[PDB]
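Here's a solo chain for you in structure tokens, the form deposited in one PDB entry.
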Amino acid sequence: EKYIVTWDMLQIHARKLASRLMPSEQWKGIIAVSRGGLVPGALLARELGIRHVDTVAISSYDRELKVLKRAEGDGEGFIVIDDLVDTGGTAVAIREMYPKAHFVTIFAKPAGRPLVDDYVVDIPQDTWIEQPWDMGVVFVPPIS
């Protein structure tokens, strides 16, 4: 099955997570995991009024990890966000990089659920989540 996520729905979930991150004073910045957490991170930054938004770029070599770009620090007083958590192969690396960081996501599948500190929506392990940035509004033929 394919789970369709629209910009509107994503923004609704992002605001729900943003409320659980109150007060805003308890945070110094947001570390968005490229590229999935870029949009979700931008939404939290706005809702919380956080101007310090850094990123972490990680690539896969095949399974090895290749930290393209790394945000400084140990993650203390920061929020690390990615769009979803499927298994935790990427989250595990993010965890050890920023042990003191508050790792959050929007969607979370059963296998990766225990790796995150907080998430908004539960998605079945066998469901593909189609994010709004991978879609667009185009002509769709009539069924009849």
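Note that residue numbering begins at 1 and tracks the sequence as displayed.
Keep in mind that the form solved in complex with a small molecule is missing from the display, and what follows is about it.
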Heavy atom of each of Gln11, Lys28 and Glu47 within 4.5 Å of the small molecule in the entry with it bound: no
Touches the small molecule in the entry with it bound: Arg35 (any heavy atom, 4.5 Å): yes
Non-hydrogen atom contact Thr90 with the small molecule in the entry with it bound at 4.5 angstroms: yes
Exercise: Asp86 in contact with the small molecule in the entry with it bound, heavy atom 4.5 Å: yes
Exercise: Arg63 in contact with the small molecule in the entry with it bound, heavy atom 4.5 Å: yes
